[PDB]
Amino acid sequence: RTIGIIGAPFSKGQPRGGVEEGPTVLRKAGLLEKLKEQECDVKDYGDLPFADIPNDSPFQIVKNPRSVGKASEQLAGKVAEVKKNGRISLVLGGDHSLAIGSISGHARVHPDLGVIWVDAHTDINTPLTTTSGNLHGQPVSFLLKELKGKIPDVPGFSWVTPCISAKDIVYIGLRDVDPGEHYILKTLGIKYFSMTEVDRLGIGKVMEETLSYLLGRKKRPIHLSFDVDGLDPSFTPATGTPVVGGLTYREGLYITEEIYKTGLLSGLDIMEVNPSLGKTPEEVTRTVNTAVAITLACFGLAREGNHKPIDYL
């Protein structure tokens, strides 16, 4: 598969700072090379230089809005640029607020995209429903067209144009959803598979319904926004908001292996990896190793094996 790597060392979407190092440790794990070790054509677009914005007081309760707003605007342009070069955008975060720019830049080139959001949270709070003020928990509210009119003019996001309907997104892995967020889910009829549904149906049926839900009518580009805390913290502990009872390592690989097999992966986000939150050096490597594995699976690595079209005997 053909890839376009984009490092997004941003953290102002939430309180903890170590997430900016995500691009660094993932590249350090040898992600670029391992992808190349596969049938992959990789082009590194570099780590986005997120210039400082010293003056950025809260918007009501919303924190660092100008910084978060600019980082997504910068990222949106980069993703659109890689999508125009005919490559799958691979955004290494960074907190999940960056999803706003990633899905935005993607839709500029591919407006018919479908989103699969793997996360323990829905990240669909509005500036008015959020109680924490952390924008990494509001990315989805800015992208939904149905929520246009409920999103006040927050400094830094005047460039945003809702680009996805409630029916063009599927959540997988939910287990920590706020009351207002749950109201929006049920109100806009958003398709989701929380841990309850995964436990009931099995990851296989879950993925079956997910892809059929998004590709039933017609084939379209797929955007995978993967928050590493969607997986159980026993696999990805070095993350800002871990929630027990998460997706297993195996389910995480199953999800991505299936998405790969559709041949429609167009955009990918690997977010919330925070090395500084690993209680040990091993928890840090465990998180990075798991994040790399999910990434490789998105581009071809199959657990049953892979072989080149040649006679090996």
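In case it trips you up, residue 1 is the first one in the sequence shown, and so on.
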{"item": "Stretch with the higher entry mean CA B-factor, where the candidates are 228 to 236 and 158 to 166", "value": "158 to 166"}
{"item": "Mean Cα B-factor comparison, 244 to 252 or 27 to 35, giving the higher one as deposited", "value": "27 to 35"}
{"item": "Out of 269, 47, 272, 258, residue topping the C-alpha B-factor column of the entry", "value": "47"}
{"item": "Candidate residues 150, 186, 175, 106, the one whose C-alpha B factor the record puts highest", "value": "150"}
{"item": "B-factor third for the C-alpha atom of residue 263 within its chain", "value": "middle"}
{"item": "Entry-reported Cα temperature factor of residue 203, expressed as the chain third it lands in", "value": "lowest"}
{"item": "Where the record places residue 286 (Cα B-factor, split into thirds across the chain)", "value": "middle"}
{"item": "Cα B factor band for residue 65 (lowest, middle or highest third within the chain)", "value": "lowest"}
{"item": "For residue 17, the third of its chain into which the C-alpha B factor falls", "value": "highest"}
